[PDB]
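To keep things clear, I will list the structure first and then write my remarks on it.
Labels run A, B, C, D, E and F following the written order; every chain starts at residue 1.
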Amino acid sequence: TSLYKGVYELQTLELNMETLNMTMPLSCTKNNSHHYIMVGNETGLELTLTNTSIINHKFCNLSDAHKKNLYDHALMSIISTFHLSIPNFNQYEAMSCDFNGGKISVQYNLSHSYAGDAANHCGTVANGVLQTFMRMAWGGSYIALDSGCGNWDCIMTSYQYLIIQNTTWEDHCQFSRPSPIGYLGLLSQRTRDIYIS
Amino acid sequence: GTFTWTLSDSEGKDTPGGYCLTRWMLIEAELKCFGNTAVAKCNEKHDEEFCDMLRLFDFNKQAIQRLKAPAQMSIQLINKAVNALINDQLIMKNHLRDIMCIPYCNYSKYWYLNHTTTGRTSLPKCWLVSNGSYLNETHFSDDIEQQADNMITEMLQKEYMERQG
Amino acid sequence: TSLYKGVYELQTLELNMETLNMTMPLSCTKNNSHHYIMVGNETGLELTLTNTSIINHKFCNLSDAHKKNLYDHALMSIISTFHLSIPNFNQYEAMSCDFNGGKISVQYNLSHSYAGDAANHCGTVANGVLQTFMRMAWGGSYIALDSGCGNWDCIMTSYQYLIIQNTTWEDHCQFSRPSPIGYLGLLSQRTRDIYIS
Amino acid sequence: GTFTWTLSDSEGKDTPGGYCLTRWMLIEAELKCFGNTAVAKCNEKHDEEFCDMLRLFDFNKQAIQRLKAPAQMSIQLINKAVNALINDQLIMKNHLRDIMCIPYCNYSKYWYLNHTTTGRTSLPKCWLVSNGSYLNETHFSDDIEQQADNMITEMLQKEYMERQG
Amino acid sequence: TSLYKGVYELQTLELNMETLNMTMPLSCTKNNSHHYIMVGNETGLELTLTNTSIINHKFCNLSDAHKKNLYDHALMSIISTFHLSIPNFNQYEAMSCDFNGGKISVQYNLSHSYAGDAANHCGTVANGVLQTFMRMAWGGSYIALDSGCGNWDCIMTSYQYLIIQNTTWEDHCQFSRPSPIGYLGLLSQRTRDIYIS
Amino acid sequence: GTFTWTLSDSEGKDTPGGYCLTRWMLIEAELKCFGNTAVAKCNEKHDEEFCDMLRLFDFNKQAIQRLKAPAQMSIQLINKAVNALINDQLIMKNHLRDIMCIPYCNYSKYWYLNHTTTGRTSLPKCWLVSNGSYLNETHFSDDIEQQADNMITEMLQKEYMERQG
């Protein structure tokens, strides 16, 4: 390559973040419709954008799940980090869960990209949930939006639901290099966008 | 330990002039050793980007070798490591640049200058991306030239003072 | 002592943190079973690890205490800082209080070091409460654990209850130097380990 | 005020070359005065540890002398002082080192080098502990030698420039 | 002006923060009894200290307002930032609202500067609400207090209510230069003064 | 971009030696240009106060020129800009100084030194206020004299090294 000032060779370095799996979660993409968060070499979450309507009730039995604690605390912690990072999340009926003991089973209803709230306007529930999604899958999530860069409040997708389910570790990642940055960026939220009750 | 950026107190019990990145943490690199003169720079906070990964790699190693691996992630532990080791303004700035359509750090590819006869290198800088791909080399010409001048300046100032005091 | 480079004498300095009492709380130890947090030169909290079962009901009448405000706000603030810093505190029935007007009276039930939650496994309620305890009494709390350093999630003690009560100022501290660091470290929590409801 | 680390704007109306620690804030020390050259270093953030206590002592004094003492702690005030004055990464790092079985800062005992004929001293560094006690002097040999070289270097560079410009 | 060292002229610079209106709110004063927070060049909040008793019920219908979302999210966000920054806010009956669809309508009852809570002592509800007020209107709010600088916990005013209402943009500001600093200072709260439930 | 404090990657495509503040961001100033030598100083964090406003002005501009103006504030966006760009300890310290009856930064008026024959200027410093008004010039004499000595020192050291290496 190019020689700078007649004495320096430009050289590059690429870091392998795949060896950080034992201490921190790694986020990656696969094909837009699917993104993954892996922990260790055993399990993780599958984040999908799909027209599937898998949960058909309007409530999340969290307190019940906490009493029947049959779940991996690491996965619940990651999900909580995701949930609590959704700015201005007012539409609680849009979040439904079916833990059934140890499953994750979490569904966010963004139907028609406003989920019944008024109309598909900018700055709505879909925007709130999608911004967190885009950050959690920052390694690669840009493929999800065609126009969102020019106006951050008009992030909209066509998919009706954001589905979070637990899966096993598989070599799921492609189209990118697994990275903890999305997750780390969410942990250091600092400012929370919370409306008064 | 010549590195205040590390957690280990045994960090300096190694090649006095260099810090090595193991083959295991690199992608097809085999071995990369950077002079301590440059690596030690991030003892000070310079919003450098590169050493945030070094701090995570250092943590990761210490968390594995000194503790019985819990084998259960201990997310509650990484959370403290993050707050202690990570430059949050840099992550947020790269996020803002991304959403504001400004080239930003990928946290994967880095570049550095390597002197062709002395083997001395600069601390690495993050290679920027924009719209799904990497920026072309021409757009880094100004950054590279400045880094090259900074290294030249340091070599000359070092030589000057060795002769002078 | 040693002369460095032939010209420097190594010298030491010890700071007296006991004079910071008017503006910030100071934490100290006494004999493992007891730790203290002192404010000013008049009062403070006595933190104990004891098999005493002092509160025999399963609720904490906080809203009632707030209406009948007969308490020192400084002590309530310190306790809140402690409570809100317990990661993943799901077992609310483990926290019982009897303010009776102006008393602190706070009991955390860690019985059998899992407090009835499953079994005495690592990463449980005892671990959550003890990690906060260990930090609040960081000046000296290390005497509490024999093996915890090798695995932070397996911090366990034999004592059934963590008791927080208000006392008067007395020269309680021994085995260490009073220090605000534990408390200060808790105030700057930054990241909160909170599960979704 | 030559110290940007202090809150007082009258901090510099004292011995121009030194900052003194009163007998009241020290344990059996009677009097300790450090040159402003070294004390002023923590005007910049160097993750120094020692000046976090100096900032608390400065705050403590200002909060007592300028305000009517409320005599009720004003925890809500210390909370702002903490966020403004304290280096959180250092507390968290010492916490992590403690729980990771790595020697860490006690926030009590500090050491410094004192030149035997000039009286010039370094900024103090925190004496480390591990498993209930203090680390032995031999384990600080590398740190002490480096601090001694840093002071020698500064003396020589100062003299060099006084002669040169 | 003065020449320093025989070679430097002292010069001054004054920044125009009035051009930051499109991206961040600007706070200003007017006549103590009134302060303003403006957004963009279209609207904002009018903060007043007045003996008016405008809301005559003891509740705030927030969940109802969130379902009937006829409000500017920016104003709700600013108000939330204000509300959540009140330290130790225990007296919930002191906060009343009447959104009536898209209005702000927020009243904080500090009557007799303790709002019925005991007596007009230092460190009470009036102090909590006023400290946040003083920060939100930091550009200029000092005119509100004659003695508060000597004891931060004895901030008291004579006015019974703090009223927050939405208004239109008008060139309301006088006695000071509009500035985002109050607001920015509140966003970076870092430590929250929250008692246990 | 010679300024790591900015978000733009095109910041350096301007007068190589200076950064200009447009008439629109100043009150009756018409035009103010500061040398890049001084402006670039806040690439490092020095708790400078002045560059916190420059970062907000830079953000403000980028948020208007690169994005379609949303025309709805996007408070949720400024919130990230704040956490990425603002020095929180400085705001909190000025708050504490205010409530502790200590002179503090107004975030409006700034002062700098301007060399009478070279046109070279210092980075601006915040003019302090106390009890509703500005502090008199005499109370800044020590600060101004120190700033003047710092500039003199820099000029001399620059000249020294140009001659020496």
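Here are some notes:
By our rule, contacts are C-beta pairs under 8 Å (C-beta built on N, C-alpha and C of every residue); 3 or more make two chains touch, one makes a residue touch a chain.
Identification of common neighbours of chain A and chain E yields C, F.
The two copies, chain D and chain F, are related by a rotation of 120°, based on C-alpha atoms and rounded to the nearest 5. Between the CA-based centres of chain C and chain D the separation comes to 27 Å, rounded to the whole angstrom. If each chain is reduced to the centroid of its CA atoms, chain A and chain D end up 44 Å from each other.
Chain D and chain E have CA centres that are 38 Å apart.
For chain F, residues touching at least two other chains, in rising order: 45, 63, 67, 72, 74, 76-77, 79-83, 88, 92, 95, 100-101.
Of all residues in chain C, those that touch two or more other chains are 73, 77, 88, 123, 150, 152, 187-188, 190-191, 193. Shown are all chain pairs that touch, namely A-B, A-C, A-E, A-F, B-C, B-D, B-F, C-D, C-E, D-E, D-F, E-F. Put simply, chain E touches chain F in their complex at residues 1-5, 7-17, 19-20, 22-25, 39-40, 73-74, 77-78, 135, 138, 142-143, 149-150, 152, 177, 179-181, 184-185, 187-188, 190.
Of all the residues in chain B, the ones that touch chain A in their complex are 24-29, 32, 53, 56-57, 59-60, 63-64, 69, 71-79, 81-83, 86, 88, 91-92, 95, 98-101, 107-117, 121, 124, 127, 131-132, 137, 144-145, 147-149, 151-152.
Contacts from chain F toward chain D in the complex involve residues 45-47, 88-89, 92-93, 95-97, 100-103, 128, 142-143, 146, 156-157, 160. Contact residues of chain F toward chain A in the complex are 67-68, 70, 72, 74, 76-77, 79-80, 82-83. Contact residues of chain D toward chain F in the complex are 1-2, 4, 7-9, 12, 44-45, 62-63, 66-67, 80-81, 83-85, 164-165.
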